[PDB]
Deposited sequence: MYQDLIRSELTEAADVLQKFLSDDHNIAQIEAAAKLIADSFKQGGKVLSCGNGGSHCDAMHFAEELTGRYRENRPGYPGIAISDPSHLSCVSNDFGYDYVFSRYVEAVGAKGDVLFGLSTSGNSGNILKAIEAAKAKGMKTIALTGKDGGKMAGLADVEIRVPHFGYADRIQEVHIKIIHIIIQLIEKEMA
């Protein structure tokens, strides 16, 4: 049996989650990011979500949940998902007022870093969900939500999913 080892991963997730919600800053960043997408939507814009390998699944669902909750009477798609692979999609499909939503457990994903630069060069606000110390994109995005974890991606990927879920239902209230 591996009761203790298995529970330890679970208790670690608990510790990580605690450190995250106890800090008012993250709670505020969570609110800022949802306020951005709302405003963009209210001005017709859209959200482009990109996630670095194994994190792109989250980026991909977030876009789906947004399109399946706001397509109703509204042209286009509110949320679309996808080293220059992401930055080429920004230039290609992004417009002023749109938002970039990128996930990177470390703050060092090159394809997402460039994605952020392209958004800036397109009049697009940026939101980055990161881990550790925010890595190289720390401070680069308009709004950064950082998970206080310096170990493997798992605990971080897990908190990103909670953030995404919370952000989505705030947007609904934002839209009201």
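- Task: Would you flag the ranges of the deposited sequence that the structure leaves without C-alpha positions?
- Result: No coordinates exist for the deposited residues in 83-97, so this stretch alone is absent from the model.
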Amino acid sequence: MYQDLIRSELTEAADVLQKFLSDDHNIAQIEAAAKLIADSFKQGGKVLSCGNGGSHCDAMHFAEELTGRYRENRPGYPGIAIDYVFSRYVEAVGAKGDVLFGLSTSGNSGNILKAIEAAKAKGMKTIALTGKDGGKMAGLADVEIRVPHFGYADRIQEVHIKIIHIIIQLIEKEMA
From here on, numbers count along this sequence of modelled residues.
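- Comparing 64-72 with 32-40, which stretch shows the greater average C-alpha B-factor in the deposited entry? Averaging CA B-factors over each stretch, the winner is 64-72.
- Message: If you take the mean CA temperature factor per stretch, which one wins between 166-174 and 1-9?
- Response: Between 166-174 and 1-9, it is 166-174 that shows the higher mean C-alpha B-factor.
- Check the PDB entry and point out which of 147, 57, 128, 27 has the largest C-alpha temperature factor. Highest C-alpha B-factor among the listed residues goes to 57.
- Message: Could you place residue 77 in the lowest, middle or highest third of its chain by Cα temperature factor, using the values in the record?
- Response: According to the entry, residue 77 has a C-alpha B-factor in the chain's highest third.
- In terms of the chain's CA B-factor thirds, is residue 89 lowest, middle or highest? Answer is middle: the recorded C-alpha B-factor places it there.
- Third of the chain, ranked by Cα B-factor, where residue 139 sits: Its C-alpha B-factor belongs to the highest third of this chain's values.
- Relative to the other modelled residues of the same chain, rank the CA B-factor of residue 53 and answer lowest, middle or highest third. Tercile = highest for this residue's CA B-factor.
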